[PDB]
Visitor: 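I am attaching a structure below and will ask some questions about it afterwards.
Because only heavy atoms are used, hydrogens play no part in the values below, and waters and symmetry mates are left out as well, while side chains stay in. Here is how names work: the chains are called A, B, and so on, in the same order as the sequence lines, proteins then strands, and each is numbered from 1.
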Amino acid sequence: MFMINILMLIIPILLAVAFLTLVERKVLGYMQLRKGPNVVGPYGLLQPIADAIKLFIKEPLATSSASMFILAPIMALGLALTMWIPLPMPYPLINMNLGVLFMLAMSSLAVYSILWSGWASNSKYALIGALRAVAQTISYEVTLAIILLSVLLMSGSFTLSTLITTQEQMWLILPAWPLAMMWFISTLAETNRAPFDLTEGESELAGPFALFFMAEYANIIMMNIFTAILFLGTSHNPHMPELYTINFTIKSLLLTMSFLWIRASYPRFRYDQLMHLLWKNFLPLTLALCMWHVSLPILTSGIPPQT
Amino acid sequence: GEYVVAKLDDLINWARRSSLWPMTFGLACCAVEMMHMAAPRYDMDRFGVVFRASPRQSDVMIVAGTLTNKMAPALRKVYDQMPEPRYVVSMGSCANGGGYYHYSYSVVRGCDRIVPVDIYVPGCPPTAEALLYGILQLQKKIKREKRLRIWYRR
Amino acid sequence: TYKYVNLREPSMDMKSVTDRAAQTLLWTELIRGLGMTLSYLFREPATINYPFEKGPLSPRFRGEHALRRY
Amino acid sequence: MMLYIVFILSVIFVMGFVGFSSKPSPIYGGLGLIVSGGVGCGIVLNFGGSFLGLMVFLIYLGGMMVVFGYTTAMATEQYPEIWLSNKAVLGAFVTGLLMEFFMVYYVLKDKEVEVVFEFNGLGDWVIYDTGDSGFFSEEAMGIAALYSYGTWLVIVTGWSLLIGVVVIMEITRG
Amino acid sequence: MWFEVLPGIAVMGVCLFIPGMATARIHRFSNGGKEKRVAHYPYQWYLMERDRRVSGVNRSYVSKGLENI
Amino acid sequence: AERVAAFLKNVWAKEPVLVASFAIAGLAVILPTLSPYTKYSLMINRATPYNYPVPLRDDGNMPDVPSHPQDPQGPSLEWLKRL
Amino acid sequence: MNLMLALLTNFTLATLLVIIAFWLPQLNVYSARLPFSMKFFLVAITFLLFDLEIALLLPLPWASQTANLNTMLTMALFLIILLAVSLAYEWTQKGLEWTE
Ligand SMILES: CCCCCCCCCCCCCCCCCC(=O)OC[C@H](COP(=O)(O)OCCN)OC(=O)CCCCCCCCCCCCCCCCC
Ligand SMILES: CCCCCCCCCCCCO[C@@H]1O[C@H](CO)[C@@H](O[C@H]2O[C@H](CO)[C@@H](O)[C@H](O)[C@H]2O)[C@H](O)[C@H]1O
Ligand SMILES: CCCCCCCCCCCCO[C@@H]1O[C@H](CO)[C@@H](O[C@H]2O[C@H](CO)[C@@H](O)[C@H](O)[C@H]2O)[C@H](O)[C@H]1O
Ligand SMILES: N=C(N)NC(=N)NCCc1ccc(I)c(Cl)c1
Ligand code: SF4
């Protein structure tokens, strides 16, 4: 029974990633006064399938270390799917008492796939590009962890389903919209999304490729699902759980679509400029707001329950 | 046997021609009409032809402009790094056969001296629509391929 | 005759300074940019359905050559 | 059997240690330490150390070991030497691997063993606590107490981290 | 037109609806039609293990009421 | 004072992010001591019964200790209900 | 067991996808110091030291449940301020600059 449940999560995640590539292309297209894919299947609905087949029968074009060349994509894709197993939608696949910490711990491991693939590139210049990407990723891990802790001081625990209870009456975006703003931007920078897509930017100044792409786009969906739960909590009715799933899916779709919207709207940061955005802007505010959110429940007598 | 090989060929052909990712060598003015083919009026993306792909993710090289002797080695190097199956589209008189500069000391008299060419698009420059006609002609060439049928008969 | 593209002095009164502070912290001009791309999403695209539709040409168009008869 | 899960994890723990302790290329040594770190978390998890186990992942693996690999790629090794191609590494790896197996064979055969010291072999489950029905995590209560009982621990720890920043900036300025 | 973007969004939305809807219905099927019991703390695990013994069939989700008194 | 206001306007114009950070951090340090509600945080935490309330052996000289949970003696949470 | 099954499924599937991704029919018959930059090293080290302070703050949601709130709030703010002082020191010593 449990193995069926795992597959009813793994398979839809990969299908959702496939069709996000179509949605991204069509949303970007219409914001650019054009259409995007509309020939390969009606309204382009077969475009992800054609792309997927094409990439997997392409020539799989020497690695500096075979073990790490293969480890990096397995790590990326395996970790990406793992981040989904504690998500309450409304019931998690695995109900963890410390689910928020688990997601923080697993996400911190994702930078190894960047590091390992840079080592296996066998090229001095690709290793340097990987190290620049790693420095960006760990920099924005700092604010994400501190922002998350600030929010949990209103929730009371590290259990993800408690965020639902915390937002029974009101979305956490209202008491914490300054944190929501930096959290949202931090996720963009964390996933190397525009205007923080410096790996693809700086770089230009088959199956293995597809696998890394699936991992990244799964992370994009997951981060926006996490954002919906963290700040736009949906109400759970235990006798009609599908009502929660519909409302929570719509919010996650809209948050994901706003990632595309933002890509279509702005130029790119310089590397040093996105480092200053973190170390000189977000981190000072995040630290001050962390002190504020430690004090606020105490001074209002609004400390949440431990359980 | 025959039916499976034929249907499988149709499937792989459809996937490859429905997802043609070009590497554009924007050498000169023909590159401008290529930009216009990506622009909203023609929107090459709507055919599955993404705007700009990396050379190692590319399936078709579009040579859009004059190929000089100084540039010829670099173009061949990019072609050799392309993963197969790979196709070349020669765009405009310069790439087709030297064009206005055919008799110059510094110009290669046609990119087909450097790489094999699948489609020749005439014009100086070809209109964006002419180039699109050429890309669709390449799609039809891919639809005619019978790799698995020939493999089965070896 | 000439004009200056970028020669203006920001007003340093408290209201103007606070206006620039709000823009810095609330990302107002960035949000205003999101409105433009949102309005394009809901515009009819300019794409034509080639080869069923063709770009307009004129009688002067210079295409493939031909030899004519009387 | 799953009743020996902690012991099995501890065996894997040792093999990972023999991995990097024989000191192959630091790229592979770093990999061996990461695998041992994950397995070490699993051992701690099975004793009720949920928060402690996840700190190894978050801090030891996601923080310290990431910085180790970052530094290795930048100042030590950029291309790993083929694993076990060196004779001393292969000898040290084989020597440690055989010692672990001989330990594991005997403890499982006799359900005890004397490797210098006496170790029971019935399974670590036997020493576990038999009564637990509180409405909280004891590990969480103990860790949370850092802010009520451990004022002095917070002061010295926080001070040392600030001096860590100051000292490292001095060291590297050169 | 922009509403031709919807079919791809609909497919994506259905793909993301399946995990949550499947988990909830699998939980009810496996737990006698009720929510799966949450036991994050030793007290809740103790009650669940007592429920298993009291059930008479070794299922913590099979409840006995005053009929057993 | 006037020099203080001129300094604040300068930083507000040039470094509003840092000005906001320091202002928020200052409020976090100061407001708990000025808030009339901070005292209830102590009381609510103490009123949460994590472990069992072990009863006392009655020696006949504990008029302030209830004999039954519903007897009047002992702490009341009526202040918490109205909160 | 469930979490172990989930992890084994996720990574086992990832291994399989990599496998077929590398082996499909093809149909053909024929350790120095990497131009070391000190600034990127200091970003990693700074991340590490801030990550260790975050490790100390993670218990805060549980710590707020104490009756010793006077001590707990003072120590929580003290830790965060010292984190801010660390950032302030690095900032004023040009540790956050990418020029030169
Ligand atoms: C009564 C007590 C109250 C106590 C609490 C008081 C706190 C509230 C009052 C303070 C408000 C804090 C606002 C926090 C938001 C972060 C602000 C910020 O960091 O912006 C500054 C940053 C850099 O600005 P810059 O112009 O480059 O230069 C300044 C330094 N030289 O600029 C940026 O960050 C730009 C971001 C770049 C990314 C562009 C892409 C994003 C654009 C779309 C964003 C949509 C909004 C996100 C909504 C998320 C919804 C989940
Ligand atoms: C997602 C599931 C998809 C299932 C689809 C199953 C279809 C199985 C049949 C695949 C046939 C692939 O067809 C073949 O692919 C390889 C990919 O390198 C191409 O490339 C191959 O041939 C060329 C020469 O022709 C070689 O130089 C090259 O090294 C080799 O890779 C071939 O040019 C193409 O003919
Ligand atoms: C560089 C070092 C920086 C160190 C920074 C330390 C800053 C500390 C600032 C606030 C410290 C005290 O903060 C707050 O003060 C009020 C004073 O009435 C205390 O008092 C309040 O709570 C207590 C409960 O314990 C009640 O009994 C009391 O009636 C109530 O007024 C709070 O318990 C304390 O939480
Ligand atoms: N960036 C885009 N949105 N477009 C795009 N060309 N994406 C990459 C295409 C792609 C990759 C992997 C898979 I699986 C699929 Cl189905 C499609
Ligand atoms: S063929 Fe004509 S338009 Fe194209 S590059 Fe040559 S001269 Fe320019």
Visitor: Could you give me the CA-CA distance, side-chain angles and deciding distance for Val111(A) and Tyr70(D), then say whether side chain to side chain contact (heavy atoms under 4.5 Å, CB included) is met?
Guide: CA-CA 10 Å; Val111(A) 85; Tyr70(D) 193 89; over 6 Å; no
Visitor: Using side-chain heavy atoms (C-beta onward) and a distance below 4.5 Å, is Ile54(G) in contact with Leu149(A)?
Guide: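 They are not in contact (no side-chain heavy atoms under 4.5 Å apart), so the answer is no.
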Visitor: If we count only N and O atoms by modelled type, under 3.5 Å, do the side chains of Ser31(G) and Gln78(D) hold a donor and an acceptor together?
Guide: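 No pair is found: no donor N or O on one side chain lies under 3.5 Å from an acceptor on the other.
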Visitor: Under the 3.5 angstrom rule, does the side chain of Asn192(A) hit a backbone N or O of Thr199(A) as a donor-acceptor pair?
Guide: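 Here the side-chain-to-backbone pair exists.
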Visitor: Go through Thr46(G) and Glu90(G) one step at a time and tell me if the side-chain hydrogen bond (donor to acceptor under 3.5 Å, both in side chains) criterion holds.
Guide: CA-CA 9 Å; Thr46(G) 310; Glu90(G) 196 132 19; 3.0 Å; yes
Visitor: Taking the side chain as everything from C-beta on, heavy atoms only, tell me whether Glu139(D) gets closer than 4.5 Å to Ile143(D).
Guide: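 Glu139(D) vs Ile143(D): side chains touch.
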Visitor: Counting neighbours of OH on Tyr125(A) that are heavy atoms of other residues, nucleotides or ligands and sit closer than 6.0 Å, is the number greater than 12?
Guide: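 No - once you tally the heavy atoms of other residues, nucleotides and ligands closer than 6.0 Å, there are 12 at most.
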Visitor: Determine whether the aromatic ring centres of residues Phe196(A) and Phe269(A) are separated by less than 6.0 angstrom.
Guide: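 Under 6.0 Å, so yes.
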Visitor: Can you find a pair of side-chain heavy atoms, one from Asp51(G) and one from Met64(D), that are under 4.5 Å apart?
Guide: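 Side-chain contact under 4.5 Å: no.
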Visitor: Yes or no on side chain to side chain contact (heavy atoms under 4.5 Å, CB included) for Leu109(A) and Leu61(D), after CA distance, side-chain angles and deciding distance?
Guide: CA-CA 7 Å; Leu109(A) 299 173; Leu61(D) 294 189; 3.9 Å; yes
Visitor: Would the number of heavy atoms belonging to other residues, nucleotides or ligands and lying under 6.0 Å from CD of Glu138(D) be above 12?
Guide: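 Atom CD in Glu138(D) is not packed in, count stays at 12 or less.
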Visitor: Contact between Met83(A) and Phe226(A) at the side-chain level, heavy atoms closer than 4.5 Å - yes or no?
Guide: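 Of all side-chain heavy-atom pairs linking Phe226(A) with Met83(A), none is under 4.5 Å.
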Visitor: If you measure from CG on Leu278(A) to CG on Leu144(A), what distance do you get to the nearest 0.5 Å?
Guide: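 The CG atom of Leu144(A) is 9.0 Å from CG of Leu278(A), to the nearest 0.5 Å.
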Visitor: Is there side-chain contact between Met68(A) and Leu31(D), with heavy atoms separated by less than 4.5 Å?
Guide: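 A side-chain contact under 4.5 Å exists here.
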Visitor: Judged by modelled atom types alone, do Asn68(G) and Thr71(G) share a side-chain donor-acceptor pair under 3.5 Å?
Guide: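 A pair is found: one side chain offers a donor N or O, the other an acceptor, under 3.5 Å apart.
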Visitor: Would you say the ring centers of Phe47(G) and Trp279(A) fall short of 6.0 Å from each other?
Guide: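 Here the rings of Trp279(A) and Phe47(G) have centres that are no less than 6.0 Å from each other.
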Visitor: Count the heavy atoms of every other residue, nucleotide or ligand shown that sit under 6.0 Å from NZ of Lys94(G), and state whether that count exceeds 12.
Guide: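 Atom NZ in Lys94(G) is not packed in, count stays at 12 or less.
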Visitor: Measure from the ring center of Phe158(A) to the ring center of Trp62(G) and say whether it is less than 6.0 Å.
Guide: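 Yes: the rings meet the under 6.0 Å criterion.
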Visitor: Any non-hydrogen side-chain atom of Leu153(A) less than 4.5 Å from a side-chain atom of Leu296(A)?
Guide: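 No, every pair of side-chain atoms sits at 4.5 Å or beyond.
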Visitor: Under 3.5 Å, is there a donor-acceptor pair between the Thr143(A) and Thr286(A) side chains?
Guide: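 No pair is found: no donor N or O on one side chain lies under 3.5 Å from an acceptor on the other.
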Visitor: Taking all non-hydrogen atoms of both residues, which atom of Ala130(A) and which atom of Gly118(A) are closest, and how far apart?
Guide: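 Taking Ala130(A) first and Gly118(A) second, the nearest heavy atoms are CB-CA, 3.7 Å.
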Visitor: Does some side-chain heavy atom of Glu15(F) sit less than 4.5 Å from a side-chain heavy atom of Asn10(F)?
Guide: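 Answer no - side chains too far apart.
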Visitor: Tell me whether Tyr50(F) at atom OH has more than 12 heavy atoms from other residues, nucleotides or ligands lying less than 6.0 Å away.
Guide: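 Yes - once you tally the heavy atoms of other residues, nucleotides and ligands closer than 6.0 Å, there are more than 12.
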Visitor: If you compare all heavy atoms of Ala194(A) against all heavy atoms of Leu188(A), which two are closest, and at what distance to 0.1 Å?
Guide: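 Smallest heavy-atom distance, with atoms named: O-CD2, 3.9 Å.
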Visitor: Which of parallel (below 30°), tilted (30 to 60°) and perpendicular (above 60°) describes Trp98(G) and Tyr271(A)?
Guide: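 Ring orientation, 0 to 90° scale: perpendicular.
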Visitor: Hey, would you say the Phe57(D) and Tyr60(D) ring centroids sit under 6.0 Å apart?
Guide: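 No - the distance between ring centres of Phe57(D) and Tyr60(D) does not fall below the 6.0 Å cut-off.
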Visitor: Measuring from atom CE of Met182(A) to atom OG1 of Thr187(A), what distance do you get when rounded to the nearest 0.5 angstrom?
Guide: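 It is 12.5 Å, given to the nearest 0.5 Å.
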Visitor: Kindly indicate whether the side chain of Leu285(A), heavy atoms from C-beta on, has any atom under 4.5 Å from the side chain of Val17(F).
Guide: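 They are in contact (side-chain heavy atoms under 4.5 Å apart), so the answer is yes.
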